[PDB]
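*Asks:*
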Amino acid sequence: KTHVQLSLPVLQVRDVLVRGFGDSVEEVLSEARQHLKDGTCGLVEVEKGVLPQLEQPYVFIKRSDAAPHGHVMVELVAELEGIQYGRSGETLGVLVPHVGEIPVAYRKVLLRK
Ligand SMILES: Brc1ccc(-c2nnn[nH]2)cc1
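Under UniProt numbering, read the sequence shown as residues 11 to 76, 79 to 125, first letter to last.
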């Protein structure tokens, strides 16, 4: 399937133990996709002061369309040194590894793979 229904745990930035997916735009998109398949991916909502507390390159989920079965359609966009790789809608958050942090909420998404 081109799209997968996922419920992503929303993490507080100060709880996140692993603050990125790796060291290059291609690696972080690769690892983000692997973690999303393995159910080991979290979401941090972007507010003032969040991104400087995480590791570049960043992987965003961005709205790809205006929401089947309550799931917002999203795609991945990476960012390094102020350049984005991908073009998409509003950010829903920044993806990070999930290693057992307690979430504050769940975000239902339909992920384009
Ligand atoms: Br991104 C992403 C998310 C899930 C999957 C997947 N493959 N099989 N089941 N789920 C692949 C890529």
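Ideal Cβ placement from N, Cα and C applies to all residues, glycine included.
1) Need the endpoints of the beta strand (DSSP E) that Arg119 sits in, please.
2) Identify the residues that DSSP records as bridge partners of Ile71: which are they?
3) Which residue from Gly105, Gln66 and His45 puts its Cα closest to that of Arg73?
4) Identify which residue in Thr12, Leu16 and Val35 has its Cα closest to the Cα of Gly94.
5) To the nearest angstrom, how far is it from the Cα of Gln96 to the Cα of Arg43?
6) Return the first residue and the last residue of the beta strand (DSSP E) that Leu39 is part of.
*Replies:* Inspection of the coordinates gives the following:
1) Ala117 to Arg124
2) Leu88 and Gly105
3) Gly105
4) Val35
5) 17 Å
6) Here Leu39 belongs to no beta strand (DSSP E); instead the alpha helix (DSSP H) covers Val35 to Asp48.
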